[PDB]
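K.L.:
Dropping a structure here in structure tokens format, bear with me for questions.
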Amino acid sequence: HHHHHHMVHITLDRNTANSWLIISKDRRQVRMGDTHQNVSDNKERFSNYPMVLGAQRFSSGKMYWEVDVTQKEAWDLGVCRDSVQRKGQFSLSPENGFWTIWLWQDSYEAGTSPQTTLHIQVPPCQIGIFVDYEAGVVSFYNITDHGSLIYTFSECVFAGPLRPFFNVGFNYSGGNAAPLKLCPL
Ligand SMILES: COC(=O)[C@@H]1C[C@@H](O)CN1C(=O)c1ccco1
């Protein structure tokens, strides 16, 4: 792809994080802690899952960023509406305001309803995410495999400002402690 020139500098919003997450000083990395991280509760925090939003809000234009997923067993990545539900149980779908892909149990899937199987020959260590607000497109790229396309959501109905979306996943296995990292431009 040739989307690299739309690169944006994403930082994580500490106030939206699940209370078990640990965000680095530079706000560019996030991992699952082994306990509650001693923060107060607020209406922004994702309560049920290890999720956090980017600070940046997008309502126009073309945006591109990259995320490092090295050695993780499970994660979700993409964008979501600013007004997504924070509390309780929900599914990641465009009807609920999410445009996402994930890794789970050794398979990659796009967060459609129902979910769509992805076809990845080279397990990615870094993911590229491209949003074209006006066109209604969210695309995912395999940086490890020379930028090959993973998935395109088209005909997106954003219906609001968008935020970068992250889920570091649970670590029930002891094999999913590694962080998500925003990669340098
Ligand atoms: C890009 O490849 C990966 O991230 C793979 C996917 C999954 O099989 C876990 N994994 C590891 O490499 C890993 C987990 C713990 C130590 O290494």
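Scheme for the structure tokens: letters A, B, ... for chains in order shown; per-chain residue numbers from 1; ligand numbers from 1 in order shown.
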Report the closest atom pair, with its distance in Å rounded to one decimal, for each residue of chain A that has an atom no farther than 9 Å from ligand 1; count only C-alpha atoms and all ligand atoms, sort by chain and then rising residue number, and write it as JSON lines.
P.N.:
{"residue": "A:69", "atom": "CA", "partner": "ligand 1", "partner_atom_place_in_ligand_line": "4 (O)", "distance": 6.1}
{"residue": "A:70", "atom": "CA", "partner": "ligand 1", "partner_atom_place_in_ligand_line": "4 (O)", "distance": 4.4}
{"residue": "A:71", "atom": "CA", "partner": "ligand 1", "partner_atom_place_in_ligand_line": "4 (O)", "distance": 3.2}
{"residue": "A:72", "atom": "CA", "partner": "ligand 1", "partner_atom_place_in_ligand_line": "4 (O)", "distance": 4.4}
{"residue": "A:73", "atom": "CA", "partner": "ligand 1", "partner_atom_place_in_ligand_line": "9 (C)", "distance": 4.1}
{"residue": "A:74", "atom": "CA", "partner": "ligand 1", "partner_atom_place_in_ligand_line": "7 (C)", "distance": 7.5}
{"residue": "A:103", "atom": "CA", "partner": "ligand 1", "partner_atom_place_in_ligand_line": "6 (C)", "distance": 8.0}
{"residue": "A:104", "atom": "CA", "partner": "ligand 1", "partner_atom_place_in_ligand_line": "7 (C)", "distance": 8.7}
{"residue": "A:105", "atom": "CA", "partner": "ligand 1", "partner_atom_place_in_ligand_line": "7 (C)", "distance": 8.1}
{"residue": "A:106", "atom": "CA", "partner": "ligand 1", "partner_atom_place_in_ligand_line": "8 (O)", "distance": 5.9}
{"residue": "A:122", "atom": "CA", "partner": "ligand 1", "partner_atom_place_in_ligand_line": "1 (C)", "distance": 8.1}
{"residue": "A:123", "atom": "CA", "partner": "ligand 1", "partner_atom_place_in_ligand_line": "1 (C)", "distance": 4.8}
{"residue": "A:124", "atom": "CA", "partner": "ligand 1", "partner_atom_place_in_ligand_line": "1 (C)", "distance": 4.8}
{"residue": "A:125", "atom": "CA", "partner": "ligand 1", "partner_atom_place_in_ligand_line": "1 (C)", "distance": 4.5}
{"residue": "A:126", "atom": "CA", "partner": "ligand 1", "partner_atom_place_in_ligand_line": "1 (C)", "distance": 8.1}
{"residue": "A:144", "atom": "CA", "partner": "ligand 1", "partner_atom_place_in_ligand_line": "1 (C)", "distance": 8.8}
{"residue": "A:174", "atom": "CA", "partner": "ligand 1", "partner_atom_place_in_ligand_line": "15 (C)", "distance": 8.5}
{"residue": "A:175", "atom": "CA", "partner": "ligand 1", "partner_atom_place_in_ligand_line": "15 (C)", "distance": 4.8}
{"residue": "A:176", "atom": "CA", "partner": "ligand 1", "partner_atom_place_in_ligand_line": "15 (C)", "distance": 6.2}
{"residue": "A:177", "atom": "CA", "partner": "ligand 1", "partner_atom_place_in_ligand_line": "15 (C)", "distance": 8.0}
{"residue": "A:178", "atom": "CA", "partner": "ligand 1", "partner_atom_place_in_ligand_line": "15 (C)", "distance": 7.7}
K.L.:
Give me, as a PyMOL selection string, all polymer residues having an atom no more than 6 Å from residue A:141, counting only C-alpha atoms and skipping those fewer than 4 positions away in the same chain.
P.N.:
chain A and resi 127-128+147-150
K.L.:
Counting only C-alpha atoms, what is within 8 Å of residue A:80, bar same-chain residues fewer than 4 positions away, as a VMD selection string?
P.N.:
chain A and resid 84 97 to 99 162 to 165
K.L.:
Those residues with C-alpha atoms, as a short mmCIF file (atom, residue, chain, number, x, y, z; two decimals), in the first residue's frame please?
P.N.:
data_model
loop_
_atom_site.label_atom_id
_atom_site.label_comp_id
_atom_site.auth_asym_id
_atom_site.auth_seq_id
_atom_site.Cartn_x
_atom_site.Cartn_y
_atom_site.Cartn_z
CA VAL A 84 -19.43 3.31 22.20
CA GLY A 97 -19.80 1.31 16.66
CA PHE A 98 -16.62 -0.81 16.16
CA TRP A 99 -14.47 -1.55 13.05
CA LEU A 162 -13.77 8.05 15.58
CA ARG A 163 -11.12 7.03 18.14
CA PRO A 164 -8.27 4.48 17.82
CA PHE A 165 -9.35 1.29 19.68
#
K.L.:
Using only C-alpha atoms, what does the table of stretch 56-131 of chain A residues within 12 Å of stretch 155-159 of chain A look like, with each row giving the shortest atom pair and its distance in Å to one decimal, sorted by chain and ascending number, as a tab-separated table?
P.N.:
residue	atom	partner	partner_atom	distance
A:58	CA	A:158	CA	10.4
A:59	CA	A:158	CA	9.0
A:60	CA	A:158	CA	10.7
A:79	CA	A:158	CA	9.7
A:80	CA	A:158	CA	8.1
A:81	CA	A:158	CA	6.7
A:82	CA	A:159	CA	9.7
A:83	CA	A:159	CA	9.7
A:84	CA	A:159	CA	11.1
A:93	CA	A:156	CA	11.3
A:94	CA	A:156	CA	7.7
A:95	CA	A:157	CA	9.0
A:96	CA	A:158	CA	10.4
A:97	CA	A:158	CA	7.1
A:98	CA	A:158	CA	8.7
A:99	CA	A:156	CA	8.5
A:100	CA	A:156	CA	12.0
A:112	CA	A:156	CA	11.4
A:131	CA	A:156	CA	10.3
K.L.:
Pick from A:160, A:54, A:5, A:43: nearest to residue A:23, with only C-alpha atoms counted?
P.N.:
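Going through A:160, A:54, A:5, A:43 one by one, the smallest distance to residue A:23 is for A:54.
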K.L.:
Using only C-alpha atoms, can you tell me which of A:12, A:52, A:137, A:142 comes closest to residue A:121?
P.N.:
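The closest residue to residue A:121 is A:142.
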K.L.:
Tell me, which residues of chain A carry DSSP strand (DSSP E or B), written as an NGL selection string?
P.N.:
:A and (7 or 12 or 21-23 or 29-32 or 51-54 or 58 or 62-68 or 75-81 or 98-104 or 107-110 or 116-117 or 126-132 or 137-142 or 148-153 or 162-167 or 180-182)
K.L.:
For those residues, write C-alpha atoms to a file as a PDB file, in the first residue's frame.
P.N.:
ATOM      1  CA  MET A   7       0.729   8.691   9.325  1.00  0.00           C
ATOM      2  CA  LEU A  12      -3.353   6.380  24.609  1.00  0.00           C
ATOM      3  CA  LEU A  21      -4.066  -1.644  32.320  1.00  0.00           C
ATOM      4  CA  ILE A  22      -0.605  -0.089  32.606  1.00  0.00           C
ATOM      5  CA  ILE A  23       0.127   2.647  30.060  1.00  0.00           C
ATOM      6  CA  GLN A  29       2.483   1.247  25.047  1.00  0.00           C
ATOM      7  CA  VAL A  30      -0.155  -0.629  27.088  1.00  0.00           C
ATOM      8  CA  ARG A  31      -0.140  -4.006  28.842  1.00  0.00           C
ATOM      9  CA  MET A  32      -2.339  -6.054  31.212  1.00  0.00           C
ATOM     10  CA  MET A  51      -9.657  -2.046  26.435  1.00  0.00           C
ATOM     11  CA  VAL A  52      -8.385   1.551  26.004  1.00  0.00           C
ATOM     12  CA  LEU A  53      -8.917   4.334  23.426  1.00  0.00           C
ATOM     13  CA  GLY A  54      -6.504   6.677  21.663  1.00  0.00           C
ATOM     14  CA  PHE A  58     -11.095  11.976  13.797  1.00  0.00           C
ATOM     15  CA  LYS A  62      -7.243  10.053   5.865  1.00  0.00           C
ATOM     16  CA  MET A  63      -5.296   8.642   8.869  1.00  0.00           C
ATOM     17  CA  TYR A  64      -2.748   5.780   9.170  1.00  0.00           C
ATOM     18  CA  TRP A  65      -0.965   4.232  12.174  1.00  0.00           C
ATOM     19  CA  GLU A  66       0.877   1.000  13.103  1.00  0.00           C
ATOM     20  CA  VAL A  67       0.687  -1.277  16.141  1.00  0.00           C
ATOM     21  CA  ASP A  68       3.208  -3.901  17.325  1.00  0.00           C
ATOM     22  CA  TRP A  75      -5.857  -8.828  21.003  1.00  0.00           C
ATOM     23  CA  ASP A  76      -8.392  -6.610  19.210  1.00  0.00           C
ATOM     24  CA  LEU A  77      -7.402  -3.546  17.077  1.00  0.00           C
ATOM     25  CA  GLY A  78      -9.172  -0.932  15.000  1.00  0.00           C
ATOM     26  CA  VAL A  79     -11.343   2.196  15.472  1.00  0.00           C
ATOM     27  CA  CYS A  80     -14.621   2.913  17.183  1.00  0.00           C
ATOM     28  CA  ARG A  81     -17.159   5.690  17.648  1.00  0.00           C
ATOM     29  CA  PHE A  98     -16.617  -0.813  16.161  1.00  0.00           C
ATOM     30  CA  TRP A  99     -14.469  -1.552  13.048  1.00  0.00           C
ATOM     31  CA  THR A 100     -11.939  -4.104  14.323  1.00  0.00           C
ATOM     32  CA  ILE A 101      -9.949  -7.306  13.657  1.00  0.00           C
ATOM     33  CA  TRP A 102      -8.607  -9.715  16.257  1.00  0.00           C
ATOM     34  CA  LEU A 103      -6.443 -12.717  17.056  1.00  0.00           C
ATOM     35  CA  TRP A 104      -8.007 -15.436  19.252  1.00  0.00           C
ATOM     36  CA  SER A 107      -7.188 -17.660  14.226  1.00  0.00           C
ATOM     37  CA  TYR A 108      -7.603 -14.100  12.874  1.00  0.00           C
ATOM     38  CA  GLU A 109     -11.142 -12.709  12.335  1.00  0.00           C
ATOM     39  CA  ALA A 110     -12.784  -9.411  11.338  1.00  0.00           C
ATOM     40  CA  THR A 116     -15.474 -13.150   9.211  1.00  0.00           C
ATOM     41  CA  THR A 117     -12.496 -15.533   8.861  1.00  0.00           C
ATOM     42  CA  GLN A 126       2.949  -5.242  13.240  1.00  0.00           C
ATOM     43  CA  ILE A 127      -0.520  -4.201  11.900  1.00  0.00           C
ATOM     44  CA  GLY A 128      -1.180  -1.049   9.794  1.00  0.00           C
ATOM     45  CA  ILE A 129      -4.628   0.645  10.189  1.00  0.00           C
ATOM     46  CA  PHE A 130      -5.927   3.055   7.508  1.00  0.00           C
ATOM     47  CA  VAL A 131      -9.123   5.143   7.919  1.00  0.00           C
ATOM     48  CA  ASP A 132     -10.677   7.194   5.076  1.00  0.00           C
ATOM     49  CA  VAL A 137     -13.309   2.767   4.691  1.00  0.00           C
ATOM     50  CA  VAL A 138     -11.227   1.051   7.409  1.00  0.00           C
ATOM     51  CA  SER A 139      -8.402  -1.179   6.126  1.00  0.00           C
ATOM     52  CA  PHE A 140      -5.859  -3.411   7.888  1.00  0.00           C
ATOM     53  CA  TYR A 141      -2.388  -4.299   6.521  1.00  0.00           C
ATOM     54  CA  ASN A 142       0.208  -6.988   7.428  1.00  0.00           C
ATOM     55  CA  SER A 148      -0.295  -7.111   2.270  1.00  0.00           C
ATOM     56  CA  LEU A 149      -4.051  -6.442   2.761  1.00  0.00           C
ATOM     57  CA  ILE A 150      -5.727  -8.238   5.663  1.00  0.00           C
ATOM     58  CA  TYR A 151      -9.266  -6.794   5.544  1.00  0.00           C
ATOM     59  CA  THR A 152     -11.318  -3.785   4.279  1.00  0.00           C
ATOM     60  CA  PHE A 153     -14.559  -2.588   5.892  1.00  0.00           C
ATOM     61  CA  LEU A 162     -13.767   8.051  15.582  1.00  0.00           C
ATOM     62  CA  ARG A 163     -11.117   7.028  18.142  1.00  0.00           C
ATOM     63  CA  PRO A 164      -8.273   4.481  17.821  1.00  0.00           C
ATOM     64  CA  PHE A 165      -9.348   1.291  19.682  1.00  0.00           C
ATOM     65  CA  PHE A 166      -7.177  -1.318  21.500  1.00  0.00           C
ATOM     66  CA  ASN A 167      -7.758  -4.519  23.496  1.00  0.00           C
ATOM     67  CA  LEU A 180       0.551  -3.458  22.398  1.00  0.00           C
ATOM     68  CA  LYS A 181       2.977  -0.736  21.192  1.00  0.00           C
ATOM     69  CA  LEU A 182       2.346   2.200  18.838  1.00  0.00           C
TER      70      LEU A 182
END
K.L.:
Would you mind telling me which residue in A:179, A:184, A:6, A:143 lies nearest to residue A:50 when using only C-alpha atoms?
P.N.:
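Once distances to residue A:50 are computed over only C-alpha atoms, the minimum belongs to A:179.
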K.L.:
Between atom CA of residue A:88 and atom CA of residue A:46, measure the distance and give it in Å to one decimal.
P.N.:
8.3 Å
K.L.:
From the options A:118, A:168, A:185, A:87, which residue's atoms come nearest to residue A:20, counting only C-alpha atoms?
P.N.:
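Among A:118, A:168, A:185, A:87, it is A:168 that comes nearest to residue A:20.
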K.L.:
What is the distance, in Å and to one decimal place, between atom CA of residue A:170 and atom CA of residue A:8?
P.N.:
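Distance between the two atoms: 27.8 Å.
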